[PDB]
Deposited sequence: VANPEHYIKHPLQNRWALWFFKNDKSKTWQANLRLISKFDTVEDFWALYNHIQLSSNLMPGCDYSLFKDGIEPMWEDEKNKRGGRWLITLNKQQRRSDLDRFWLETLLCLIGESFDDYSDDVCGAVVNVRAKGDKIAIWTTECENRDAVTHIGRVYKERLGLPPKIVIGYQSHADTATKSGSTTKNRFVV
């Protein structure tokens, strides 16, 4: 049986695309690409779409649990925030694609133990001024979950223990609340 059943993921995920177009509101520029809920369907999707390093400036990918839209206003994001990774123009080449794929795997692989239920999704922003990768969690005031996700994420990315990453509430974005 191991040879013919697809491997179900713990959650169903939706991948979203954003393309800046000044003709439209921010929300109208956000589009759902597809959903998947197995390992096989994840890789089929990933192998079919552009690497984030090849996207035009002003585009985003977002991967969110099915039923959570990748915007502050969603009920599961309004009281949350994000662990923010900032990349300069030389880490678009060096780390953007490898960090984003590691982020995707931390999500679909439920890599944060009990607190993976606090994860809502992740976003990569490709920009001329510098790219960003972030994991969104549901409750900025849950310090245990937020700190533990931040520590695991930093190790899974392989960031040196001298670098500091920060967690910002979405209420502020719309400064750091935690640092690891």
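*Asks:* Comparing the deposited sequence against the modelled residues, what ranges come up empty for C-alpha?
*Replies:* Missing from the model are residues 1-3, 178-184.
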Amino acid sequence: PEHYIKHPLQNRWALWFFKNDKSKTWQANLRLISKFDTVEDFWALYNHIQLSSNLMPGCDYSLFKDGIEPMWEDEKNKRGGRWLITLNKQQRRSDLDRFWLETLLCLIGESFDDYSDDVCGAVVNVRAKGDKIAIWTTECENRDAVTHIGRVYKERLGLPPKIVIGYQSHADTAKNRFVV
From here on, numbers count along this sequence of modelled residues.
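Heads up, when I say rigid core I mean the largest set of C-alphas that superpose within 1.5 Å between the two forms.
*Asks:* Find the stretch among 105-113 and 89-97 with the larger RMS C-alpha deviation in 9 other deposited structures of this protein, all structures being superposed on the shown form by the rigid core.
*Replies:* Looking at 105-113 versus 89-97 in 9 other deposited structures of this protein, the farther one turns out to be 89-97.
*Asks:* Could you check whether 22-30 or 146-154 drifts more from the shown form in 9 other deposited structures of this protein, using RMS Cα distance once the core is superposed?
*Replies:* The stretch that sits farther from the shown form in 9 other deposited structures of this protein is 22-30.
*Asks:* Look over 159-167 and 19-27 in the entry and identify the one with the greater average Cα temperature factor.
*Replies:* Per the PDB record, 159-167.
*Asks:* Look up the CA B-factors in the entry and say which stretch, 108-116 or 49-57, has the higher mean.
*Replies:* Per the PDB entry, the higher value belongs to 108-116.
*Asks:* Lowest, middle or highest third: where is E69 by Cα B-factor in its chain?
*Replies:* Tercile = middle for this residue's CA B-factor.
*Asks:* When the deposited Cα B-factors of this chain's modelled residues are ordered and cut into thirds, is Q90 in the lowest, the middle or the highest one?
*Replies:* As the PDB entry reports it, the C-alpha B-factor of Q90 lands in the highest third of its chain.
*Asks:* Going by what the PDB entry lists, where does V126 fall on CA B-factor within its chain: lowest, middle or highest third?
*Replies:* For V126, whose C-alpha B-factor we compare with every modelled residue in the chain, the answer is the middle third.
*Asks:* Where does the C-alpha B-factor of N142 rank in its chain, lowest, middle or highest third?
*Replies:* It falls in the top third of the chain.
*Asks:* Which third of the chain holds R98 when residues are ordered by C-alpha B factor: lowest, middle or highest?
*Replies:* Tercile = lowest for this residue's CA B-factor.
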